[PDB]
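Listed below are the residues making up each chain.
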Amino acid sequence: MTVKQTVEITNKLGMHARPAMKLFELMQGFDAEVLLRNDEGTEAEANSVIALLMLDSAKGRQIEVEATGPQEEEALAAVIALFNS
Amino acid sequence: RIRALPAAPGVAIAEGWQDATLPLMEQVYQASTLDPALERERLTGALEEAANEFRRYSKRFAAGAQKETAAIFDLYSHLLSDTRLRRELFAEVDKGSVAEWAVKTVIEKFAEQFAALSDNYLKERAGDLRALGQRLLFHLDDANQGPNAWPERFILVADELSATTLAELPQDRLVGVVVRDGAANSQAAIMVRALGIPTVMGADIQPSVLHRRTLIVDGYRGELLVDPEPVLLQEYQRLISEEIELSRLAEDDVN
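Where the PDB entry is consulted, chain B appears under the name Phosphoenolpyruvate-protein phosphotransferase PtsP, with the organism given as Escherichia coli.

Looking at the PDB entry, chain A carries the name Phosphocarrier protein NPr, with the source organism given as Escherichia coli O157:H7. Quoted verbatim from the Subcellular location field of UniProt, the annotation for chain A is "Cytoplasm". According to the UniProt record, the Sequence similarities comment for chain A reads "Belongs to the HPr family."

So this is what it looks like as structure tokens:
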């Protein structure tokens, strides 16, 4: 099944924007689709630049990262690790 | 004799040259063309020439410039290459739109989407997008390209410091640049500053009377001289050679 995890954005989705950029590289290195979602219910598809811009406004908001696939854990873990600094 | 805000300490002397970057939106035309595939394929072929050109561009910067630059471009490089942008353009053609205009329209439509964002930390990206389209416009025609102009020495003169603009001209031939705005910590203002290249802003002068005139930029004093009396410049050299060539040297201003 799919694997997601709620992560609170303390006015910093991670390191500047590398996290979002790296995600694109991770999706290619790891088998699984990663999707981001804001508490507002806005699906910030990690495969869309427009979505990344919307997340930026999520400074202090809660989001729900979802990952599907065999390495979904890695992808999700990698994103969470980057978000946690 | 113009007082400009020094964004990056240092002094440099060279002529003033403006980038061949000029508005191409006024070239927007409406018409119907039969090239569904011809156009679609044309876009893909153009991307390979543009995408590869962009990836190679940043690659050169990372090898020298700074790491921030690569982070910025690298991010955009994947954008244009993103099957998302390509598919979008092809979508317009599916109706009978022309890449030339289609690509411009698609980029224009996105410009509004990028702005909609409030977070300037990235929203500003819009400005970068516009530059990306300009590159595609030229790449869309193998009849237009080339370094655009690789001189021996000179400075960039733009109303606002645009990282994309610099990523177009060679730094080797580019030392400093004076803008009339590009204030704050703009992506191009933060990258250039960290690069250690003289930069000044607040210039309330037009590039029209700059063509290739002589302009001495002084990041240290963020001042801009204009073919001033050669005599004054002579003393300047002796002023620094004096001793206190650090602070601001005993000069006028508030005595």
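Past the structure itself, the notes keep going.
(A) Highlighting helix α3 (residues 72–83) of chain A. All names here are of chain A. Relative to the 16 Å expected for twelve residues at 1.5 Å per residue, α3 spans 16 Å between its end C-alpha atoms, a close match to the ideal helical length. Within the sequence span of α3, burial applies to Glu72, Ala75, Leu76, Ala78, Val79 and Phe83. Along α3, the residues classed as buried sweep out an arc of 160 degrees about the axis, all on the same side. Tucked inside the fold, the buried residues of α3 contact β1 (3–8), α1 (18–29), β2 (33–37), α2 (49–56) and β4 (62–68). Phi turns positive, to about 80 degrees, at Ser85, one or two residues after α3.

(B) Fine view of the nonpolar core. Ranked by internal contacts, the top residues of the largest apolar core, which has 49 residues, are B:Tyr76, B:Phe114 and B:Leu132. Discounting chain neighbours no more than four positions away, the residues touching B:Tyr76 are B:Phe54, B:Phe114, B:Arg125, B:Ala126, B:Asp128, B:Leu129 and B:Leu132. With 23 residues, the next largest nonpolar core counts A:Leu23, A:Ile63, A:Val79 and A:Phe83 among its residues.

(C) Fine view of helix α6 (residues 125–139) of chain B. All names here are of chain B. Its 15 residues place the ends of α6 21 Å apart at the C-alpha level, agreeing with the 21 Å of an ideal helix rising 1.5 Å per residue. Burial within α6 is extensive, with twelve of its 15 residues counted as buried. Those residues of α6 that fall on the buried side of the exposure criterion are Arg125, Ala126, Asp128, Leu129, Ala131, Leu132, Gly133, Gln134, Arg135, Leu136, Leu137 and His139.

(D) How the structure looks around the environment of B:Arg125. Mapping B:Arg125 onto the fold places it in helix α6. Once the C-alpha coordinates of B:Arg125 and B:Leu246 are considered, the two residues, 121 residues apart in sequence, prove to be 38 Å apart. In this view, B:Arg125 contacts A:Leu53, B:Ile72, B:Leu75, B:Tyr76, B:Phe114 and B:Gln187; residues no more than four positions away in its chain are not counted.

(E) Looking closely at the UniProt feature "active site" in chain A. Residue and element names in this part refer to chain A. Those places that UniProt annotates as "active site" correspond, in this numbering, to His16. As for its position among the elements, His16 is in the loop between β1 and α1. The class of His16 is partly exposed, set by a relative accessible area of 41%.

(F) Structural view of the interface of chain B and chain A. Contact residues are listed per partner, giving 16 residues for chain B and 15 residues for chain A. Buried area between chain B and chain A, summed over both chains or domains, comes out near 1400 Å², and the portion from carbon and sulfur atoms is 74%. Inspection of the region where chain B meets chain A yields zero salt bridges. Across the chain B-chain A interface, the total number found is zero residue pairs in polar contact. Breaking the side of chain B that touches chain A down by element, the ones donating at least two residues are α2 (67–81), α4 (99–116) and α5 (120–123) of chain B. Tallying contributions element by element places α2(B) first for the side of chain B that touches chain A, with five residues. Residues belonging to the side of chain B that touches chain A are distributed by class as follows: eight nonpolar, two polar and six charged.

(G) Quick peek at the pattern of salt bridges. Counting across every chain of the model gives 19 salt bridges over all chains. Salt bridges sharing common partners tie together B:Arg3, B:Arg221, B:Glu223, B:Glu251 and B:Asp253.

(H) The arrangement of the packing of aromatic side chains in detail. All names here are of chain B. Enumeration according to the criterion identifies four aromatic pairs over all chains in this entry. The interplanar angle of 85 degrees and the centroid separation of 5.9 Å between the aromatic rings of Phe54 and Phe73 together place this pair among those described as edge-to-face. Of this pair, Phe54 sits in helix α1 (residues 36–62) while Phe73 sits in helix α2, and the two are 19 residues apart along the sequence. Residue classification places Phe54 among the buried positions, given a relative accessible area of 6%. We classify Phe73 as buried; its relative accessible area is 3%. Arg135 extends its terminal NZ or CZ atom over the ring of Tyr57, reaching a point 4.6 Å from the ring centre.

(I) Highlighting the packing of α1(B) against α2(B). Residue and element names in this part refer to chain B. Packing of α1 against α2 brings their axes to within 9 Å, and their N-to-C directions diverge by 170 degrees. Relative to α2, α1 is oriented roughly antiparallel. Across from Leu47, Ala51, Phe54, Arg55, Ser58, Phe61 and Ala62 in α1, the residues of α2 making contact are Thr69, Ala70, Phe73, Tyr76, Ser77, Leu80 and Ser81. Of the residues that constitute the contact of α1 with α2, the class distribution is nine nonpolar, four polar and one charged.

(J) Looking closely at the sheet that holds strand β3 (residues 11–17) of chain B. Residue and element names in this part refer to chain B. The strand order β1-β8-β7-β3-β4-β5-β6-β2 describes an open sheet built from eight strands, whose pairing is mixed. In this open sheet, the two edge strands, each paired with only one partner strand, are β1 (2–3) and β2 (5–8). As judged from the three bridges shared by β2 and strand β6 (residues 199–201), these two strands associate in the antiparallel manner. Of the residues in β6, the one forming a bridge with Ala8 is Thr199.

The rules behind the values
- Residues numbered from 1 in each chain as written, not as in the entry; some residues may be left out.
- Chains lettered and ligands numbered in written order.
- Heavy atoms only, no water.
- UniProt positions renumbered as here; feature names shortened; annotations may be inferred.
- Helix = DSSP H or I, 4+ residues; strand = E, 2+ residues; numbered from the N terminus.
- Expected span 1.5 Å × (residues − 1).
- Buried < 20%, exposed > 50% of the residue type's maximum accessible area, 1.4 Å probe, protein only.
- Arc of directions from axis to C-beta.
- Contact = heavy atoms within 4.5 Å.
- Core = buried A, V, L, I, M, F, W, Y, C linked by side-chain atoms within 4.5 Å.
- Buried area = accessible area lost by both parts, 1.4 Å probe.
- Salt bridge = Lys/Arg side-chain N within 4 Å of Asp/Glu carboxyl O.
- Polar contact = N/O pair within 3.5 Å; in protein donor to acceptor, adjacent residues only side chain to side chain.
- Nonpolar A, V, L, I, M, F, W, Y, C, P; charged D, E, K, R; others polar.
- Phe/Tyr/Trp six-rings, centres within 6.5 Å; stacked < 30°, edge-to-face > 60°.
- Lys NZ or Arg CZ within 6 Å of the ring centre and 35° of its normal.
- Axes fitted to C-alpha atoms, helices over the stretch in contact; angles between N-to-C directions.
- Parallel < 35°, antiparallel > 145°, perpendicular 65-115°, else oblique.
- Pairing = 2+ DSSP bridges.

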